[PDB]
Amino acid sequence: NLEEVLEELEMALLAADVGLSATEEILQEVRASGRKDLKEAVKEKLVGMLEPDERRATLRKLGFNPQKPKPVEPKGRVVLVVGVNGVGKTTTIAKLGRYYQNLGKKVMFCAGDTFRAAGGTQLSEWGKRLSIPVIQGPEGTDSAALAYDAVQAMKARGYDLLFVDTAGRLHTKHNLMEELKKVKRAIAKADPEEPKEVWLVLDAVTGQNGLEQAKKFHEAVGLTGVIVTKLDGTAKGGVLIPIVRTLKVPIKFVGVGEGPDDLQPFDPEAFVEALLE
């Protein structure tokens, strides 16, 4: 009965890329709760390992039900977007431009990827489609200098938000990770209080290596949020569970397509429902 359900649940979590460590910790806790209807206790538990801001979770526990959602808002004016090669950094920035421009914000982009072929022109094209200014330079230009110039332009023009794109880089390359830190330092040089947000982009199809990526980028630049892309596919993005549980970095948005509007604020409930099929 219950043992078959726990066995089923273990497979479902593993298939969702949650990992052995977190999967066992979840099942052990649910088994100890004495709850008859597992699955539901699991959903309740997971909707907890997907949100470190705490309070909203505590409220449902005390027999309350306060909500509002409220559009996600950057703490500051600069958002540094980081991540490994191919995850969706550039396209996510285009979507963030659309999302905030719809909220009346004046947005600007910095085509920080001066390393990869067409890395900057790709973002420039999105800016053109969205009528959003894009600061870019010839391939080979120093990313830090470009970011510095971007922040200066943003301040001089009175823009509300600046999204800094970065070239893809594997977390195992110390030199490229140092470059990322240099970019963050350049931003702070143009404005001492920035960047207030450093968001990691993760591909939903990623397996357990996603935890290592999150750990390394967090150690390098101090993440304040994560965006999971390609959730329109069959991958559930389960590696987020171990990530949020170990690093306590909040999930800001989910990417669900390749169009400018294919971005949605993270919804714990919906995400967990999908993860468990």
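Don't overthink the numbering: it's just position in the shown sequence, from 1.
As stated in the PDB record, which stretch has the larger average Cα B-factor, 46-54 or 208-216? The stretch with the larger average C-alpha B-factor is 46-54.
Once you work out the mean C-alpha B-factor for both 33-41 and 222-230 from the entry, which is higher? According to the entry, 33-41 carries the higher average C-alpha B-factor.
Among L9, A16, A22, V256, which carries the highest Cα B-factor? The record points to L9.
Quick check for you: using the entry's CA B-factors within this chain, is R185 in the lowest, middle or highest third? Its C-alpha B-factor, which the entry lists for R185, ranks in the middle third among residues of this chain.
Sorting the chain's modelled residues by C-alpha B-factor, tell me whether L103 ends up in the lowest, middle or highest third. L103: CA B-factor falls in the highest third of its chain.
Which third of the chain holds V79 when residues are ordered by C-alpha B factor: lowest, middle or highest? Its C-alpha B-factor, which the entry lists for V79, ranks in the lowest third among residues of this chain.
By its CA B factor, does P138 count among the lowest, middle or highest third of the modelled residues in the chain? Answer is highest: the recorded C-alpha B-factor places it there.
Quick check on the deposited entry: does the C-alpha B-factor of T92 sit in the lowest, middle or highest third of its chain? Answer is lowest: the recorded C-alpha B-factor places it there.
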